[PDB]
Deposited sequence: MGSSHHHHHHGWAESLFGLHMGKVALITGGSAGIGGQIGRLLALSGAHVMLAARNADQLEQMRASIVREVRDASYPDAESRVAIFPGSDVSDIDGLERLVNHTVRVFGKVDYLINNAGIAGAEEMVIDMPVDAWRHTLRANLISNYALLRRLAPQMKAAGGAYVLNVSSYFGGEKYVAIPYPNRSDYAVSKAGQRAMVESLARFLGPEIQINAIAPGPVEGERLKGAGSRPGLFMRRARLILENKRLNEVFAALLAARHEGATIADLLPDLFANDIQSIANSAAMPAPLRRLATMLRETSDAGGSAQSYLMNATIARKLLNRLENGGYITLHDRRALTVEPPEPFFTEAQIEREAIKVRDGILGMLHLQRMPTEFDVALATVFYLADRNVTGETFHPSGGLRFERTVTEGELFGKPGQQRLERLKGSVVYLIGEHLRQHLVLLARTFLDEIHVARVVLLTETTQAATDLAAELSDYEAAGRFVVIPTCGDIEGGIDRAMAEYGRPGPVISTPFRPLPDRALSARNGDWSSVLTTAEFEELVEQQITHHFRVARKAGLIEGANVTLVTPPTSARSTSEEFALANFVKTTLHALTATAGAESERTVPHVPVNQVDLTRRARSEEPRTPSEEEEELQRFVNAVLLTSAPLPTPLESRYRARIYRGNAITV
């Protein structure tokens, strides 16, 4: 009798639920209605919203709630990636019910389902708006009335793949999804003290809930596998002297037996084509044609963005292969492996239903003494890999640093002048690099830093390049003339916002706006994703992403935003790291944080700030010097990627 136990549990609350016409959000909306709450459901398709509303209202009357027809409302055409539309959703909800007590940030899309090195930047941005920026947007508009009335709750529906406190969990090929789920948890952790005690804010993070989905995902896996084998062989041939752009006409002949027996093909490509013709299912054209159209366009994108070829070297496929490319048998073999992976994660060997998760969640929502937590209503999972955030302990080995002699360094930054200059001086004077290229945002910063190091600049050992925000272009320019990188160190162009996070009394003009939160995600998360996207394609690069310090004022709000940035970015660094471990060119990714775990640990004297800068140098070095590949150490290649090191 679960309905009987729900009765009156949330009597008189008004809940807004996004993505509320099916799945978990439909069940939470259903069970909140069955607990006496007025619910507004929001999704895109209006008829589904109508059918779910019908079903719920019927149950509400059977439960003997008064005037059941007026207890459920719908609001169609609500795409949570459309941040400006959420305002009309809220306006309508306050208009219909008078107030919002519960905000259930439930809607969540799957994202791009590509590796970091393949992800279109605007697909990344779209996932983050839908899964992450939507949640602050709704919270920020509702928080004033919620603070006023005081019985209020924000619930972000996150995931185990958004990690846990101080721990990131890599989700290969899903970095956008993982970053938005981590960011939902991070928002809960970072805001709870400012929104309390009137607003509780928590996340839930269910485990897995119950052509099919494993079929689409299996197909992507087979396509990715083929694309990686070709990219790898292309690099191994370019390694032996081949010019990649000149192999493209013959390669895009697409015939596997042609490529395998061409003397005009470098040996790597021939060994790959031989294996393919011998292993791939013969009932598919994949055994006779190298690539389909998707593989081809992505292969060219990896080569153009990695700087291996130019726009003029782009070729269409001579012959688009005939379906079926991958046979149904291959796709099923791989989908069963996907499914078994997921199922084997689970300690209980069974999955919850959407109703189960909803039920536990709706009970959880009745507890009034918990905030800033991540509740698992479904749970019990063993993960392939977890990465704890940590603190720098030790120094890099001399041998590894010597391997940096003569390399080219790319620095990306703007406002952290002292850090950038110290990095450059260290790389040139003590590491003996060939040269340091600095990519700034504004021209002025380029000129000032070129001045403070005018000596190295005259000698050609320091270069500056103002990007005016065009990160991809600067890396292409630098690669074109100033040398191909080893160490790449991305720092943020912009500082953290100096904004409040909660009201002083009933004044909210000073609290971080939705647009400002959007800018924060752009400049402290997407900025580094753009760097990692390009540099992950560069054979022989190392990537380090640096999260910003606080200002001298060092306000609690600023500290909260820094920890938000650190937690959210780590999901990217860990997923990029796990991807590197599996796919050539195995470019490592690691993260360095300039804000400490606890606020009392921040430097308070100039001597302590000197200790920090020294440590910062040592961590950037520890992650910049050549790291072990999977071939040298299977263990060390795993653990020396995906870290977040506080200094």
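Engineer: Give the ranges of the deposited sequence, numbered from 1, for which the structure holds no C-alpha coordinates, in sequence order.
Structural biologist: Absent from the structure are positions 1-10, 221-230.
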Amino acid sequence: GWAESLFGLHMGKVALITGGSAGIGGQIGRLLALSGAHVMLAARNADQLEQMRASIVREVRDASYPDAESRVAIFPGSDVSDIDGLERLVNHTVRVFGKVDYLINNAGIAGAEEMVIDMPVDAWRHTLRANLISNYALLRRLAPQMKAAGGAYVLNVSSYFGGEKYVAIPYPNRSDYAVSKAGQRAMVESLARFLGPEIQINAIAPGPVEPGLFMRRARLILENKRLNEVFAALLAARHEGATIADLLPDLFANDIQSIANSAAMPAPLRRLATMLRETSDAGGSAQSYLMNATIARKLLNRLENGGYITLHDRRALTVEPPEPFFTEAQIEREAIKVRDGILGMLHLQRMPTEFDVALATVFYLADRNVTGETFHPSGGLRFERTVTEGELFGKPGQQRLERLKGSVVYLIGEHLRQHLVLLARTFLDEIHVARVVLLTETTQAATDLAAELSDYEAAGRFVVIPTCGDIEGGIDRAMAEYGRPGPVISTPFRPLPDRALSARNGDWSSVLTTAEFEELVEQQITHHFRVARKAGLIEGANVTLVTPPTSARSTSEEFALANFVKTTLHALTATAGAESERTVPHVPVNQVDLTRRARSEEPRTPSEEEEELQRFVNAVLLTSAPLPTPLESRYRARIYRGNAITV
From here on, numbers count along this sequence of modelled residues.
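Engineer: Determine, for stretches 235-243 and 359-367, which one has the higher mean CA B-factor as deposited.
Structural biologist: Averaged over C-alpha atoms, the B-factors run higher in 235-243.
Engineer: So which stretch wins on mean C-alpha B-factor, 564-572 or 337-345?
Structural biologist: According to the entry, 337-345 carries the higher average C-alpha B-factor.
Engineer: Just the C-alpha B-factor column, please: which of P549, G413, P249, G163 has the biggest number?
Structural biologist: If I rank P549, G413, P249, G163 by C-alpha B-factor, first place goes to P249.
Engineer: In this PDB entry, which of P487, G390, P321, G577 has the top CA B-factor?
Structural biologist: Answer for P487, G390, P321, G577: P321, with the highest C-alpha B-factor.
Engineer: Taking the entry's C-alpha B-factors for this chain, is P66 in the lowest, middle or highest third?
Structural biologist: It falls in the middle third of the chain.
Engineer: Comparing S600 with the other modelled residues of its chain, is its CA B-factor in the lowest, middle or highest third?
Structural biologist: Middle third by C-alpha B-factor.
Engineer: Going by the entry, which third of its chain does the Cα temperature factor of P588 land in?
Structural biologist: For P588, whose C-alpha B-factor we compare with every modelled residue in the chain, the answer is the lowest third.
Engineer: Place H432 in the lowest, middle or highest third of its chain's C-alpha B-factors, as listed in the PDB entry.
Structural biologist: Answer is middle: the recorded C-alpha B-factor places it there.
Engineer: Taking the entry's C-alpha B-factors for this chain, is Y289 in the lowest, middle or highest third?
Structural biologist: Its C-alpha B-factor, which the entry lists for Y289, ranks in the highest third among residues of this chain.
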